[PDB]
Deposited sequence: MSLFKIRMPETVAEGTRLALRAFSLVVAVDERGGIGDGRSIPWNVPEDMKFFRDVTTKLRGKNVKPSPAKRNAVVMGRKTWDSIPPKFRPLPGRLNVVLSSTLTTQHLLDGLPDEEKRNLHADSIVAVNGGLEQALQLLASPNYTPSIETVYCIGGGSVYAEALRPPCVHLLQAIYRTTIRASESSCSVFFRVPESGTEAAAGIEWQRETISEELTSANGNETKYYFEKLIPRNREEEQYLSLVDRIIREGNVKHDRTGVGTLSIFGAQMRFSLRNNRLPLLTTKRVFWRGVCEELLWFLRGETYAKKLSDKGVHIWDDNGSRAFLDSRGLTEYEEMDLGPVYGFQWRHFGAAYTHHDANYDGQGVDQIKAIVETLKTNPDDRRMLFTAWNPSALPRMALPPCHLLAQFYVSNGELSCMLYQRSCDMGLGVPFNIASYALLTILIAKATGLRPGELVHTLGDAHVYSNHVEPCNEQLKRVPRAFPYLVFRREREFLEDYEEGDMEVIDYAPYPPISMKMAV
């Protein structure tokens, strides 16, 4: 069963090679927005120093010791490096990236010593640095990148192409003011040319604190984030369902609030992955299940074994019996999803039987069509097989997708009949994002947009309370998907082959 597989083309890698790495930015400014005199930092505020060290050293997981394996990186201009006393450099617990056209890596090591490799020089600007940090050697070993700046470096961060990779701004405002500030830092206001389409929202602001520096200086911290309209689509819909939805009751008898017919878009460009930030999504499961679908797999134990239990309840003897499927071996789910994708209309017996070259192979057909006739409007697959329906543990929710090509980009539309806004929808968004990414790789195209179409969009009545809390969260920027390695056939791709980078969801509640 090898000639029934999808062969990936020679241009599989350049499809999804990460051009630039996503970064955050950390800065201190006065009320006039000035950042320094061009070689030194004017003010002395120890509480800003503590914040700076903390935001740039600490890692996502709790109590995780920074190490070559997993650490943060700080990127700085040469003059900023010079402003730090040689005794305190390199900054401990972080990878020091220094921008200079006159100083090499080894050259920086001269200066003060006297460890491992905590210093790298880059001949170029911030783009070149983010480019280097995009390579396997730094992705995903380096968890978060911070631009600790220098005027010209901040200047480069705040304009294309870099500004579109800027995920957060951690700004300290010092309430002093003087002539001595020559270099400046200003965040572009919403809807201006300098903003290049981005709309900076305020995530948090601290109360005004006083600095114990002898000068009684006031200061405060702000975290700014780039407005995530895509996730707001989703949040809006949830809010509309609670406010205006109809009370319905699904098969069990559980209450639900329901709206009918809706549509959402998500950009897949430049490695961008629409994993929701207001509530963490179980990505590993998303990844494992799609690959399981793609393979035409119908044995749930293959997911259960890899620690993915989303199909556990639907695969039990108890449930299968209650669907009259009394002859299915436990975890055998019948001709569901993947089977219809790769073997449409094929007669089903048991999971472990051979189904090679049986039924219609819709995925393969689409892959072949995209490569030859990209303008084709029949490029779509479905899992809604009325004949097979009774033989399935469960009817498909996401039952149809159509692909579309424009300017060498692959868009895909998914139609979902029943969409649980709490769990299904976030999961399925990621799922079809991955599919579209993979299919694009398989056809030598770039990812485009994912369009989601919803039928009965519902929120569960007891979920209303949790959901209302989540509505008061401002969506954060989406993470990115990169591939550790490629594989010769499509069906050979494993979860470990790909990595989700810069995923910073909110905590549970």
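Undergrad: Go through the deposited sequence from residue 1 and tell me which stretches lack C-alpha coordinates, in order.
TA: Deposited residues absent from the model fall in 115 to 120, 516 to 521.
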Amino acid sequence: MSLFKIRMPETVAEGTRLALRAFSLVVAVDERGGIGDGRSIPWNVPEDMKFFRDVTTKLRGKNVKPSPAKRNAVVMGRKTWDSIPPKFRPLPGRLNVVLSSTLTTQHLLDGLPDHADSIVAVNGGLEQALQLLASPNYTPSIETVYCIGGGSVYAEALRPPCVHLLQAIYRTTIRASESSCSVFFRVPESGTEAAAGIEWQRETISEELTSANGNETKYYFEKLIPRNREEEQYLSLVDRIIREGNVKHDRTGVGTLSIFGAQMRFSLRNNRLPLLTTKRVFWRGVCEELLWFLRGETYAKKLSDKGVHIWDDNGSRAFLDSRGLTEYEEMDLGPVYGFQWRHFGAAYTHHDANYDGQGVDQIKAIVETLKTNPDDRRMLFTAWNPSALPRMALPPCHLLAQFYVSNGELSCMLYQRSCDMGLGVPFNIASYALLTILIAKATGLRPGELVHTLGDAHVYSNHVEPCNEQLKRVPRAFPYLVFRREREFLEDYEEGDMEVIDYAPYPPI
From here on, numbers count along this sequence of modelled residues.
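Undergrad: May I ask you to compare 179 to 187 and 292 to 300 by their mean CA B factor in the entry and name the higher one?
TA: 179 to 187 has the higher mean C-alpha B-factor.
Undergrad: Taking the values exactly as deposited, rank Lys441 by C-alpha B-factor within its chain and report the matching third: lowest, middle or highest.
TA: Within its chain, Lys441 is a lowest-third residue by C-alpha B-factor, going by the deposited values.
Undergrad: Considering every modelled residue of the chain and its Cα B-factor in the PDB entry, is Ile205 in the lowest, middle or highest third?
TA: Within its chain, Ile205 is a lowest-third residue by C-alpha B-factor, going by the deposited values.
Undergrad: Mind checking which third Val247 falls in for C-alpha B-factor across the chain?
TA: Its C-alpha B-factor, which the entry lists for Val247, ranks in the middle third among residues of this chain.
Undergrad: When the modelled residues of the chain are sorted by Cα temperature factor, does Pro46 land in the lowest, middle or highest third?
TA: CA B-factor rank for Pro46: middle third.
Undergrad: Report the third (lowest, middle or highest) to which the CA temperature factor of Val153 belongs, ranking only the modelled residues of the same chain.
TA: According to the entry, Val153 has a C-alpha B-factor in the chain's lowest third.
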